[PDB]
């Protein structure tokens, strides 16, 4: 038996982890109506993308990995002797990448494809990749790994803050009054992931208090977990995420694993500027 683990680009794993474990990545893309295209990778400048988003009078569109990017990587790993491929995708409730990875697995002969719906995104989804890789080293078969990841999914979630109200109306999800009235009070919509979908949770005035709301809600949940891994997932507001990150280091015990990360263009294309989230996993994920 020879098991491999791959994922899509929205897992936002560091290039250090990608290189160390030779993780293959099927990238997503974001295409402005300028015709400008950004294929997600650890090479494009995230600052250039945020500048084009502010300059673009229309919101861009994101695309799942094309049914083909999966196929070549499936063919490449099978050639290298891999008998089973575990594919970790972002939430099927917000993207079709999970479906494309499954359908492409039906067209590649001579290798078993085990597509997994993480029901999340960013480094929270990447935690499923690092848990699968760890289990392969310990001698687990793919079915035990899928069952473990399915159990892990039961104690995994995330809350997030929306900051760019201008980006919301450019997409049409809010009005002009609500956009205008919202920025003057500085109302921050707080949302959370639930069964792979993003649903409204609270509406909080000022970003500082919404960050404190993220901390209280997540901490109240992970108190009951035997193992805890917390992930600050920040946008382009460096000071916002660092404040929450350092606040967690002071308020949480060392038994909690607390880490910091940032999301890429595909997530930024939907969140806009100033996005910030707090994810959690009920496990002690190996981040090295």
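Numbering follows the first chain given and starts at 1.
Stretch comparison (22-30 versus 63-71) by mean CA B-factor in the PDB entry places 63-71 on top.
When the mean C-alpha temperature factors of 183-191 and 123-131 are read from the deposited coordinates, 183-191 comes out higher.
Across the residues 196, 157, 81, 96, the deposited record lists the maximum Cα B factor for 81. Take 167, 100, 206, 92 and read off each C-alpha B-factor from the entry; 167 has the highest. Ranked against the other modelled residues of its chain, the C-alpha B-factor of residue 248 as given in the entry falls in the middle third.
Among all modelled residues in this chain, the alpha-carbon of residue 107 has a temperature factor (C-alpha) in the highest third.
Sorting the modelled residues of the chain by their CA temperature factor places residue 215 in the lowest third.
For residue 47, the recorded CA temperature factor ranks within the highest third of the chain's modelled residues. When all modelled residues of the chain are sorted by CA temperature factor, residue 85 is found within the middle third.
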